[PDB]
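Given next, in C-alpha cells, is a single chain: the form deposited in one PDB entry.
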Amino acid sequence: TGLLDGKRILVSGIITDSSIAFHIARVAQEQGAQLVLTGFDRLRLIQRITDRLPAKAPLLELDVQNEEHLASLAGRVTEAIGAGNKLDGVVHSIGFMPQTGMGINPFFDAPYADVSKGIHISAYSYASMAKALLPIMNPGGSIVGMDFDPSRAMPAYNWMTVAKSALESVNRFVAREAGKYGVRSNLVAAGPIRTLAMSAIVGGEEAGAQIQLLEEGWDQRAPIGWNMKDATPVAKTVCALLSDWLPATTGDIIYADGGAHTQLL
C-alpha cells in the first residue's frame, strides 16, 4: 500500500527533470497515485521529460495567464481521468518573475508591468487553479503550492519575495473557499533546490554569491542539514500533504527546509 493509493492528483510545473514538480510527480506515482500533468509553453519538450517518470500520465497544456486554458481546464482534466471521476489532489509548482525583478537589478528599477506579471503567475494563479479545479475535487482532497520563506528580506530574490508574500496570503483565502468542498489548501516552504528557475534568479556574474548565501541560509542553519541537489524530501513533504495524514492542516505552511528557518545561526 502506497501513501497515495487510488488518489487522482494533478501536478503542474514540470519543465525539466530537476523541477520540484517532476519529483513530486515521481514520488506520488511511486506511492500509487494516478496523475494528470500540466505544462506551459514547451509542450513537446515537457512530454519528453514526463516520459522519464515511472508511469504514463496525460499531459495537458496550461498557461496560467490564459483565461481560456483556465476555463477549459476542468473539462479537459475530466476527459483525461474519465467522466464521473474527480481529483483528490492539485499541485501548484509554478512561478515566474521577469529579470528586472531579481538578482542584481536594483529593486526600485523593476517596472510594475514586470512585477505584475510575476505576481500573476506566481501568486494569483494559485487562486485561479483552485477556482478552476475545486468543482472537480473530492471531499478530503488537498491543494498544495510551493513557497520560499518570504518572512524576511534577502539579497537577489527581490520581487519574487514579494510574490511569495502575496502567495502566502492567497493560500489562506483559498483555504476558506476550499473548506466548503472539504478540501485543504497549504504551501510547502522548501529549502533551495537546484532547478531551472533557480539559475534564472541571478541569470549574471554572481553565481558564486548565490551558492554561498544558500549554504549560509540553509545547510549551515539546518539541524539535519540541507542538500540542494536532493528534491526527494520536498516531494515527500508535498505527498504528506496530499495524503490523508495531515487531515487537520489548512491555510498553512509546512517548512521542508531541514529546520533552517527555526535557527538564527
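Each residue number is its position in the shown sequence, starting from 1. If you superpose the two forms and keep the largest set of C-alpha atoms that fall within 1.5 Å, you have the rigid core.
Undergrad: Between residue 32 and residue 33, how many residues of the deposited sequence have no coordinates in this entry: none, 1 to 3, 4 to 9, or 10 or more?
TA: Nothing is missing between them.
Undergrad: Mean CA temperature factor from the deposited coordinates, higher in 40 to 48 or in 208 to 216?
TA: The stretch with the larger average C-alpha B-factor is 40 to 48.
Undergrad: Out of 74 to 82 and 169 to 177, which one has CA B-factors that are higher on average in the deposited record?
TA: The entry gives the higher C-alpha B-factor average to 74 to 82.
Undergrad: Divide the modelled residues of the chain into thirds by Cα B-factor and specify which third, lowest, middle or highest, holds residue 199.
TA: Highest third of the chain for residue 199's C-alpha B-factor.
Undergrad: Should residue 56 be placed in the lowest, middle or highest third of its chain by the C-alpha B factor in the entry?
TA: Highest third, going by the recorded CA B-factors of the chain.
Undergrad: Can you tell me whether residue 221 has a C-alpha B-factor in the lowest, middle or highest third compared with the other modelled residues of the same chain?
TA: It falls in the bottom third of the chain.
Undergrad: Ranking the modelled residues of this chain by C-alpha B-factor as given in the entry, is residue 164 in the lowest, middle or highest third?
TA: Tercile = lowest for this residue's CA B-factor.
Undergrad: Taking only the Cα B-factors deposited for this chain, tell me whether residue 187 sits in the lowest, middle or highest third.
TA: Residue 187: CA B-factor falls in the middle third of its chain.
Although it is not shown, the form deposited in another entry is what the next lines describe.
Undergrad: Quick one: with the rigid core lined up, which of 230, 215, 30, 63 moves its CA 2 Å or more between the shown form and the other one?
TA: By this measure, the answer is 215.
Undergrad: Relative to what we see here, could you say if residue 210 and residue 230 have their Cα atoms closer or farther apart in the other form, with a change of 3 Å or more?
TA: They are farther apart; the C-alpha distance rises by 3 Å or more in the other form.
Undergrad: Your call: residue 119 and residue 211 CA atoms, closer or farther in the other form versus the shown structure, by 3 Å or more?
TA: Compared with the form shown here, the C-alpha atoms of residue 119 and residue 211 sit closer together in the other form, by 3 Å or more.
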